[PDB]
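Structure first, then comments.
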Amino acid sequence: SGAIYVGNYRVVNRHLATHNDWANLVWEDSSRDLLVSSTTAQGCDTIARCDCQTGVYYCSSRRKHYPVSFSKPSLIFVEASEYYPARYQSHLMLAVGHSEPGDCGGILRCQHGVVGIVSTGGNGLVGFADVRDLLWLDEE
Ligand SMILES: COc1ccccc1CC(=O)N1CC[C@H](C(N)=O)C1
Ligand SMILES: [Zn+2]
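FYI, in our numbering the residues of the sequence shown are 5 to 144.
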């Protein structure tokens, strides 16, 4: 689990969104596994606006923050799970690192701020849903 709180927005994995998030929906995309809902309080996270390919992510299944090199956002085949059938997920970045299903929501960050959240993994890989192209997260 986990979320990004920027301005009056909450960014979560679409598959983990709550009733309140769907009721206060701003934008969602099943193909990206992302959902953004509105909040009443101001968040404190800053979204990175960059092309960084190195960063640090939080892995809840190890209580550890791991430095990683990750690929640029791309369309990647993702195996079937309890939440989606096997499909291509877009804007996904992969890295070699540990992840378990409940690690989704862990933040990946670089020197410029939040890059994305854990969204996929298995077999020694970890995949992150990119948020850096969502420019509107920084305004209104
Ligand atoms: C971090 O993900 C994993 C880690 C180890 C094993 C399996 C997984 C994948 C997983 O369970 N899901 C849920 C839905 C999500 C998606 N974005 O399609 C992927
Ligand atoms: Zn960066």
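Beta carbons: idealized from backbone N, C-alpha and C, even for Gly.
Over what stretch of residues does the beta strand (DSSP E) that includes residue i continue unbroken?
i: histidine 95; result: 91–100
i: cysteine 63; result: 58–63
i: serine 73; result: 68–73
i: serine 35; result: It is not in any beta strand (DSSP E) - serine 35 carries neither H nor E in the DSSP assignment.
i: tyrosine 13; result: 8–17
i: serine 78; result: 78–82
What is the residue span of the alpha helix (DSSP H) that residue i lies within?
i: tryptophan 26; result: 23–27
In terms of DSSP beta bridges, what is residue i paired with?
i: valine 118; result: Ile51, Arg113
i: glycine 125; result: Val130
Work out the CA separation of residue j and residue i for me, nearest whole Å.
i: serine 64; j: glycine 128; result: 15 Å
i: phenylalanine 81; j: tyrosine 61; result: 22 Å
i: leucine 29; j: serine 41; result: 4 Å
i: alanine 52; j: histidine 102; result: 23 Å
i: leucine 138; j: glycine 47; result: 16 Å
i: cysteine 56; j: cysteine 114; result: 7 Å
i: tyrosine 88; j: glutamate 104; result: 16 Å
i: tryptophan 140; j: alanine 84; result: 31 Å
i: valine 72; j: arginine 36; result: 21 Å
i: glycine 117; j: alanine 90; result: 31 Å
i: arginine 18; j: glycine 106; result: 14 Å
i: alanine 45; j: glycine 6; result: 17 Å
i: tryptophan 31; j: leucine 39; result: 6 Å
Given 8 Å as the limit, is there contact between the segment 86–99 and the segment 126–136, that is, 3 or more CB pairs closer than that?
yes
For the 8 Å Cβ check, are there 3 or more pairs between the segment 67–84 and the segment 8–27?
no
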